[PDB]
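Consider the single chain below, provided in structure tokens and representing the form deposited in one PDB entry.
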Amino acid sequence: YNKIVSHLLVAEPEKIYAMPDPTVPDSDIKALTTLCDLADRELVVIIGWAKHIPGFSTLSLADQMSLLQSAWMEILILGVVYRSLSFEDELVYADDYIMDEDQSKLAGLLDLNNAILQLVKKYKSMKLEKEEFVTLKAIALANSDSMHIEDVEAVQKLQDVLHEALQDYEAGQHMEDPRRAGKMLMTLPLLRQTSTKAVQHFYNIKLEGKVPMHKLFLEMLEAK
């Protein structure tokens, strides 16, 4: 099938471990600290991953950063969603960090994680494939609606290249549903909704000052 899809598949990063501190008592602070630490290390990996997206590294450094600062939470959430597809009512942040309903309540994350589980439920019904996941991550990056883009036409071209890849993949692989590409695009509003609420929630956690956060995570959070 589509070469851009095959290229994004081979550019997919390796799995990352959460490594919750086994000496620390379980608490809401421990869970939130573990999650923000894992997100910080995933952000490093996402920045390296984006350089494999056709045309991304030819953008100005400012435009690369603007796209990443607008899309980072959507990309992180799509990752947890994909890792969770073979599970029931659980979110697989990492192989060693899987959150059920009880742990979400203890962490103060029940409402947020239930929205993420709504995304999981929709993608399970659609039988989301890895090929479609990696293409949607790239589309979410290009379509992230930053207010600070210098070269709008170049960013629109990036959107178009990745949208064409999705369209071509679905036309060849899913002839039984001539509307599958559009159905995939119609899942992006819920992804944006859930990311918007997550950034809000964790900005409030940043303000309360009880959860330590690393430099890169704080930079992405303080942009938004």
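Only residues modelled in both forms are compared. The term rigid core refers to the maximal set of C-alpha atoms that superpose within 1.5 Å between the two forms. Start at 1 with the first residue shown and count on from there.
Although it is not shown, the form deposited in another entry is what the next lines describe.
- Annotation: Cα of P22 displaced by at least 2 Å between this form and the one not shown, core superposition.
- The rigid-core alignment places the CA of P212 less than 2 Å apart between this form and the one not shown.
- Note: the CA-CA distance for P13 and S146 expands in the other form relative to this form, by 3 angstroms or more.
- Figure legend: C-alpha atoms of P13 and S86, shown here, are separated by at least 3 angstroms less in the other form.
- Relative to the superposed core, shifted segments between this form and the one not shown, defined as three or more consecutive residues with every Cα moved by 2 Å or more, span 10-14, 20-25.
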